[PDB]
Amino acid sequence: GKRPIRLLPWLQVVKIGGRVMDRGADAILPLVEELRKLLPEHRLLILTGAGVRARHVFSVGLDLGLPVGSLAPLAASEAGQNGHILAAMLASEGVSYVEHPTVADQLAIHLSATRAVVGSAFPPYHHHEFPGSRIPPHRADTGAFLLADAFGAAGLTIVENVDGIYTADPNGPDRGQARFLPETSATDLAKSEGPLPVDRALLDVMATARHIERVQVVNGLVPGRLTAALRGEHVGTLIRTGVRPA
């Protein structure tokens, strides 16, 4: 037959890393100013990740022996708090935080009411998270992509605290061997072992994607890169999903 229709083809989705928010005002205030200037240019769904506080609740939860389905909603809470912080900084521009069920069923009317809304990037898998790892798999990057692709959005841009994807952790033990990857495919990343700045589950949902052809990972600590990425300019790592264009 053919792929499903695009529900919100004019939508741009932006995922803000929780570790970016963790840096506090020094990183958030420049990002908020850039977002302010983007409101008249795009129709934005801004989704926040969890960051370091989810690591702490994982530490406590794992020490208590709790399963992965218990850890998933605990981490998702932290992504939601980051969203409330970001929305508060944009409130004077008409921006508010919206919940999952509102995002899932009323995003259209809300983006008719205002230029942007903020929500949580974490998906509602929660106690129905998949088993296997003790770390919940379907995190902020994965939820943001599932949502963007389900909507048939014009794009998804991931805002990181690094320039993009390297061949090794650029802040880790092998940081000396880390080479920057301007462009890669989800399949190539999936066949690699080692850490990434994006969920491994993101690569899995990219393989079954129906609309989004590319996702760019850009450094939110460099003012202007988010603005450039939303115009299709190559300022970070481009991830090809495997969706073929017309």
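All residue numbers refer to positions in the sequence shown, first residue = 1.
**Stretch exceeding the other in mean C-alpha B-factor - 164 to 172, 88 to 96** = Taking the mean B-factor of the alpha carbons in each, 164 to 172 is higher.
**Asked** Is the mean CA B factor in the deposited entry higher across 190 to 198 or across 53 to 61?
**Response** Result of the comparison: 190 to 198.
**Asked** So among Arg115, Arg134, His126, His138, who wins on Cα B-factor in the entry?
**Response** Max CA B-factor in the entry, restricted to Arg115, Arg134, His126, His138: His126.
**Message:** Can you tell me whether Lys37 has a C-alpha B-factor in the lowest, middle or highest third compared with the other modelled residues of the same chain?
**Reply:** Ranked within chain, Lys37 CA B lands in the middle tercile.
**Message:** Among the modelled residues of this chain, does the Cα B factor of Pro182 put it in the lowest, middle or highest third?
**Reply:** According to the entry, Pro182 has a C-alpha B-factor in the chain's highest third.
**Prompt:** Split the chain's modelled residues into thirds by Cα B-factor; is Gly155 in the lowest, middle or highest one?
**Reply:** For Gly155, the deposited C-alpha B-factor lands in the middle third.
**Asked** According to the PDB entry, is the CA B factor of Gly17 in the bottom, middle or top third of its chain, that is, lowest, middle or highest?
**Response** Lowest third - that is where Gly17 ends up once the chain's C-alpha B-factors are sorted.
**Relative C-alpha B-factor of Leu146, binned into the chain's lowest, middle or highest third** = Tercile = lowest for this residue's CA B-factor.
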